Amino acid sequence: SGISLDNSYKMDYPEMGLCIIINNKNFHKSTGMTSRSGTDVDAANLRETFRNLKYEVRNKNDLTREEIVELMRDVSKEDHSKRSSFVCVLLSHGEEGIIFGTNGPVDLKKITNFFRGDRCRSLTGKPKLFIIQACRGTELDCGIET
């Protein structure tokens, strides 16, 4: 072969990979969390956008903290050998390091740990993308006029 550089990820596997979209709109009462009006617009936009990039999109609506952890655990246990990459989109309330299930918080580290290079071997060396629409705290940016 000619000179081979390895500067870009191999993205010509038979499949681009999964795009898991967790769309949390409606929350349990004792959490005191408001309904996230507009999130379905985001969810539809993402499904279409990633469909056109040839990702296998899976939408999940209004998951509890337990269901989020179970979903991610199960997804990380699939054989991704024939897949180029993995995408997970999280749409919910949040705080720094935390995403909300409908019934309480999940540490983001708990979700992403399932996909560590030592824990999801069929994704080792492949890009794992986590796209997060949630607050990371309460600070407001006042901006500056240019």
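We number the residues from 1 along the sequence you see.
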Report summary line: Mean Cα B-factor check, 21 to 29 vs 132 to 140, entry values; winner is 21 to 29
Query raised in the report: Looking at the entry, does 73 to 81 or 44 to 52 show the higher mean C-alpha B-factor?
Result: 73 to 81
Report summary line: On the chain's distribution of Cα B-factors, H93 falls within the third called lowest
**Report entry** Modelled-residue ranking by C-alpha temperature factor, third containing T39
**Finding:** lowest
Report summary line: The third of the chain into which the C-alpha temperature factor of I111 falls is the highest
